[PDB]
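Asks: Sequence first, structure after; it's an experimental one.
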Amino acid sequence: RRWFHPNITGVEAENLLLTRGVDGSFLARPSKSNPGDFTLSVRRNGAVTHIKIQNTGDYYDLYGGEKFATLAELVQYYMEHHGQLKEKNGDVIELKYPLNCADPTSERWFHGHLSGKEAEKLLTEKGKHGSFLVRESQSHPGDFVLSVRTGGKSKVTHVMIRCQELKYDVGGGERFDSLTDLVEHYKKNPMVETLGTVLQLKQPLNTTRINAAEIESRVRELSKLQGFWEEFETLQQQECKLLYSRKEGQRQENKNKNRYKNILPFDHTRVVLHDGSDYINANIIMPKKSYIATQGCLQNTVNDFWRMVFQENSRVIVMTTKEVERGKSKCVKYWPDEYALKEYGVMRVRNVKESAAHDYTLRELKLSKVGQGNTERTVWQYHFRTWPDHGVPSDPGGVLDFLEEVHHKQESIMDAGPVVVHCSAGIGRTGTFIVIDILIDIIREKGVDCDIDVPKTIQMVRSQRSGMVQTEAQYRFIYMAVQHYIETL
Ligand SMILES: Cc1nc(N2CCC(C)(N)CC2)c(CO)nc1-c1cccc(Cl)c1Cl
């Protein structure tokens, strides 16, 4: 996504759409003031119309429109079929020409002030055949250096990128608009030098990996001058690669089964139901223990929800939201009252005992099917209630206490299905919950001296359900959650 400009103000996007843009030219904007606030500035009738987007933690809220999982799915929803983005006076908005950005800040291969001695050291210890990165030049203030490793017959070559009148080149041939256009060009058409060595640009140099023991020192660098914002928005510009097909949720017979019409499961990980429709807004997740990220249950999908728990042999349910938050409704009461028995379609649930903790409340439910005798299943529902309406908790210890108890219950039950996690839309809070549980389980097995990768773990999960982990505060909270886990060991 090149229509996203991470480091501009509201006035510049106005100037840019009025100078280098025609009608239909749009542009994405993060409001520098408030993190979690974005703007969709569209040029129309010689003026720029600013459409505000707010992400409290659960979804991207378009003002006057609908709710979307990512900003890529938002732009795709309006570009691919127009006629739904209106100024609500009746006049419609058109998204036709993405204003491309030249800022390389949030690219995998960009490192900025990274010198040449550290860059040579980094590629020697972490680079493979094809690793590369781009850095600012120290000798010539303004230029850039591309260092590539190809492989003691392993080498690290250096290609000097010169900047001439806001245009970049490698010494000869074409001159490009941005560093990205230069990198994307030689990533596809490799640079061959005199003696027949191809300078292959396979994957950028990995710097996000961490030996799990020394993570507190990485949080130090990331914390202030923002390293966390630099890493998150770098992760955010890879969401345009995860636009997999969501056709099963976009059809009429399934529209009233999604709490939010434009937050839909991927077809390749959706949980299909069998005994009867097959559709539920749910996705299987796995890096052993698996997960199922569901939405807040709608009244018309409660029976489908309990069908899924039975079919996947789930024994643990993680509720990371209240029933009513911020005015609207986010989850329907899908469990019977204490000591009560209710029938949900062919399914049957008995709430035998409720246990109130400080952060959460636990419900021991008994799930059985109508007709078949002696259907066991003790489903344990963990309802987290200390999560705030806006943002993330200020202390990771509350969730970590909640999550360690859930893991022990899962391991206690011999051969248990995936752990069901759900909030409002089932992408933000649950995305933060599932990622935290994935990272801790690695440090729970291989020990303290293992290697974790928060950005790689998130995109691995983001490939199975749209927009897992929503905000930078959720991204930062994941780091704080892992750090607090090490300090207790
Ligand atoms: C999010 C991220 N950020 C990086 N950087 C580069 C620019 C910086 C040094 N300024 C800040 C950190 C790097 C590089 O290893 N990888 C990632 C990543 C790691 C795993 C998966 C994915 Cl999908 C990404 Cl995108």
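Replies: Nice, thanks for sending it over. Residues are numbered from 1 along each chain as shown.

Asks: pretty sure residue 461 is touching residue 455, no?
Replies: No: with contacts counted by CB atoms under 8 Å, residue 461 stays clear of residue 455, the gap being 11.1 Å. The way it works is simple: take the backbone N, C-alpha and C, and place the C-beta from them, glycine included.

Asks: count of neighbours near the residue lying closest to residue 305 once chain neighbours are set aside?
Replies: Spatial nearest neighbour of residue 305, excluding adjacent residues (CB to CB, 6 or more residues apart in numbering): residue 297 at 4.9 Å. Counted with other CB atoms under 10 Å, residues neighbouring residue 297 total 23.

Asks: Residue 297 reaches residue 330, doesn't it?
Replies: No: checked against CB under 8 Å, the pair residue 297 and residue 330 is beyond contact range at 9.8 Å.

Asks: pretty sure residue 248 contacts residue 255?
Replies: No: Residue 248 is beyond contact range of residue 255, at 11.3 Å (criterion: CB under 8 Å).

Asks: Any buried residues in the helix or strand harbouring residue 475, and which?
Replies: Residue 475 is part of helix 472-487, with elements assigned from DSSP states H and E. Buried residues in helix 472-487, defined by neighbour count with 16 or more other CB atoms under 10 Å: 472, 473, 474, 475, 476, 477, 478, 479, 480, 481, 482, 485.

Asks: starting at the chain centroid, how far to that helix?
Replies: What separates the centre of helix 472-487 from the centre of its chain is 15 Å, taken as CA atoms, centre = their mean, to the nearest Å.

Asks: go on, stretch 123-135?
Replies: That offset, for stretch 123-135, works out to 25 Å (CA atoms, centre = their mean).

Asks: what's next to it, contact-wise?
Replies: Stretch 123-135 is touched from outside by 104, 107, 109-116, 119, 122, 144-151, 154, 156, 161, 179, 183, 200-207, 209, with contacts defined as CB atoms under 8 Å, 6 or more residues apart in numbering.

Asks: Kindly check the end-to-end length of stretch 254-268 for me.
Replies: Using CA to CA, to the nearest Å, the end-to-end distance of stretch 254-268 comes to 17 Å.

Asks: Buried residues, that stretch. List them.
Replies: 254, 257, 258, 259, 260, 262, 263, 264, 265, 266.

Asks: quick check, nearest of these to the ligand?
Replies: residue 266 (16.7 Å; CB to the nearest ligand atom).

Asks: so the closest one, which of the three states?
Replies: coil (DSSP: H, G, I helix; E, B strand; the rest coil).

Asks: Tell me if I'm right that it and residue 468 touch.
Replies: No: here residue 266 does not reach residue 468: they are 10.9 Å apart, not a contact under CB under 8 Å.

Asks: Need phi/psi at residue 292.
Replies: phi -140, psi 110 (degrees, to the nearest 10).

Asks: how much space between residue 399 and the ligand?
Replies: 23 Å (CB to the nearest ligand atom, to the nearest Å).

Asks: so what's that residue up against?
Replies: 359, 384, 393, 433, 436, 481.

Asks: Quick check: chain neighbours aside, which residue is closest to the residue in the stretch 251-400 of the chain positioned nearest to the ligand?
Replies: Among the residues of the stretch 251-400 of the chain, residue 287 lies closest to the ligand, at 13.5 Å counting by CB to the nearest ligand atom. Spatial nearest neighbour of residue 287, chain neighbours left out: residue 438 (5.4 Å); criterion: CB to CB, 6+ apart.
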